[PDB]
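Reviewing the structure listed below.
Chains as they are written, first to last, in the authors' numbering: chain A, 22 to 99, 117 to 139; chain B, 37 to 60, 64 to 232; chain C, 30 to 43, 54 to 75, 79 to 96, 103 to 211.
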């Protein structure tokens, strides 16, 4: 992901996906598991959490924020409680993405 | 020339978005189809209402470009590529109001900015225009990013009726587009000096 | 309460507190706040997750999760020929901040503040009368998408008067 256009992805996230994520979480929050220290490394984790289904929330990769995430990477890179939990994890990796060089 | 225009509007009557297109004649058996940059479907066909075509949907990705085609059965007469996120038409402001403040010797102009309560495009630049209601005059324009401003009494002729209106345009590093329709015009009167 | 001051230090206010970055060994507060304990101040790291243990209280976030920036250092006001006012200030030493610029007529109330927002390090306020006096103040506000919803804006700068 080191060759990705991070500026474009940031604009899509800031203006769309971020709002989609916070909208779905509706104030619900948890604790993260893993972090990242670079944009390429963060994008890798973000992509993995977002587009790979997990037990208890198979529909995650089909959520709007997820489809939009998929399209942004494509374009710029060469139980309800479980859904919410994962969404919180993904969101916090974005924060790390934003704060990383 | 079968040229046409389109504009989008975000979060119109909920979370849904509105796409509107129209020809620059007769809509004889002509249809508008948009393909690409949609969430769950390959294409959508717009709904015709009098002289314009529209679709209200949650399907827009707001990422990447779409092909908008005028079609007859299956023949493309004309297709243009454009991104929904770059043809966003702002919503007009509302509740335009003018109050004369004698102590300040000015007019306080207020209005409501609907985007402030919305999710994607919250920030717009406003354009307030005013001039005397009677006779010919160049409108005076004021550019703002906030929703109150003042007009000094001395800036205006006394004992006259003014017309005033306001519009908005997107101001976002991702979302781009067009000036809103003008708000309804209000009028106010200036007192004697 | 937990506040990360300007991404330099983390200040915890409420007992004994332990902390660590990453998955290393918990460490004691390097400089407790003591009565005459009321809190603790520890160093902020730009990366890695800060774990706090007061177990009576637990937390685990980047220090930036609680970001409260210092106020902008010095505000300048420049009347343009357009009839607009350009408000400018020095940049912070880190990204991800919006700046809120407030103005009001100098005679007006504390409830008459008008707000505009934008990125570093200046913005324009239009439609102001050139013969009137205005008060301006600024604060830095961490972007929700950048730092999250647990971050908070700086205090307002001292008022700067324009004539």
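For every residue, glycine included, the Cβ atom is placed at its ideal position computed from N, Cα and C.
Check	Outcome
For residue 115 of chain C versus residue 58 of chain C, is the C-beta spacing smaller than 8 Å?	no
Does the structure place the stretch 138 to 152 of chain B close enough to the stretch 186 to 195 of chain B that three or more beta carbon pairs sit under 8 Å?	yes
Got a sec: is the Cβ-Cβ distance from residue 39 of chain A to anything in chain C below 8 Å?	yes
Look at residue 84 of chain B and residue 52 of chain B and say whether their C-beta atoms are less than 8 Å apart.	no
Three Cβ pairs or more, each shorter than 8 Å: is that satisfied between the stretch 199 to 214 of chain B and the stretch 180 to 194 of chain C?	no
My output table needs one value for residue 185 of chain B: the three-state DSSP class, helix, strand or coil.	coil
In this structure, how does DSSP classify residue 193 of chain B when only helix, strand and coil are distinguished?	helix
Tell me which residue opens and which closes the alpha helix (DSSP H) that residue 40 of chain B is part of.	Segment 40 to 45 is the beta strand (DSSP E) holding residue 40 of chain B; no alpha helix (DSSP H) there.
Quick one: residues in its chain with C-beta nearer than 8 Å to the C-beta of residue 25 of chain A, no 5 flanking neighbours on either side, listed in chain order?	60, 61, 64, 94, 97, 98 and 99
Nearest chain C C-beta to residue 70 of chain A closer than 8 Å, yes or no?	no
So which residues of chain A does residue 91 of chain C contact, with C-beta pairs closer than 8 Å?	53 and 56
Helix, strand or coil for residue 192 of chain C? Go by DSSP, reduced to three states.	helix
Would you call the CB atoms of residue 209 of chain B and residue 135 of chain B closer than 8 Å?	no
Comparing C-alpha positions only, which one of C/67, C/176 and C/42 sits nearest to residue 154 of chain C?	C/176
At what residues does the beta strand (DSSP E) containing residue 147 of chain C begin and finish?	145 to 153
Which parts of the stretch 33 to 84 of chain A are runs of the alpha helix (DSSP H), unbroken and 4 residues or longer, counting only runs that do not cross its ends?	39 to 46 and 60 to 72
Nearest CA to the CA of residue 197 of chain B: which residue from B/223, B/170 and B/207?	B/170
Could you tell me if residue 92 of chain C is buried or exposed, where buried requires 16 or more neighbouring beta carbons within 10 angstroms of its beta carbon?	buried
Span of the beta strand (DSSP E) holding residue 108 of chain C?	106 to 109
Would residue 103 of chain C be called buried (16 or more neighbouring beta carbons within 10 Å of its own) or exposed?	exposed
Using a Cβ-Cβ cut-off of 6 Å (strictly less than) and excluding sequence neighbours within five positions of residue 116 of chain B, which residues of its own chain qualify?	38 and 109
Could you please tell me which residues of the stretch 74 to 98 of chain A, in chain order, have their CB closer than 8 Å to any CB of chain B?	85, 88, 89, 92, 93 and 96
Going straight from the alpha carbon of residue 140 of chain B to that of residue 157 of chain C, what length do you get?	15 Å
Which word fits residue 62 of chain C, buried or exposed, when buried means at least 16 other C-beta atoms lie within 10 angstroms of its C-beta?	exposed
Indicate whether the contact test is met: 3 or more Cβ pairs, each with one atom in the stretch 44 to 51 of chain B and one in the stretch 71 to 79 of chain A, closer than 8 Å.	no
Do residue 201 of chain C and residue 185 of chain C have their beta-carbon atoms positioned less than 8 Å apart in this structure?	no
Could you tell me which of C/90, C/110, C/168 and C/54 sits nearest to residue 141 of chain C, measuring between CA atoms?	C/168
Assign residue 81 of chain B to one of two classes, buried (16 or more other C-beta atoms within 10 Å of its C-beta) or exposed (fewer than that).	exposed
Measuring CB to CB, does residue 103 of chain B end up less than 8 Å from residue 92 of chain A?	yes
Between which residues of its own chain and residue 30 of chain A is the CB-CB distance below 8 Å, once the five residues before and five after are set aside?	64, 93, 94, 97 and 98
For residue 72 of chain C and residue 76 of chain B, I'd like the C-alpha separation in whole angstroms.	56 Å
Among C/178, C/55 and C/151, which has the Cα closest to the Cα of residue 105 of chain C?	C/55
For residue 89 of chain A, which residues does DSSP report across the bridge?	The partner list for residue 89 of chain A (beta bridge, DSSP) is empty, contrary to what the question assumes.
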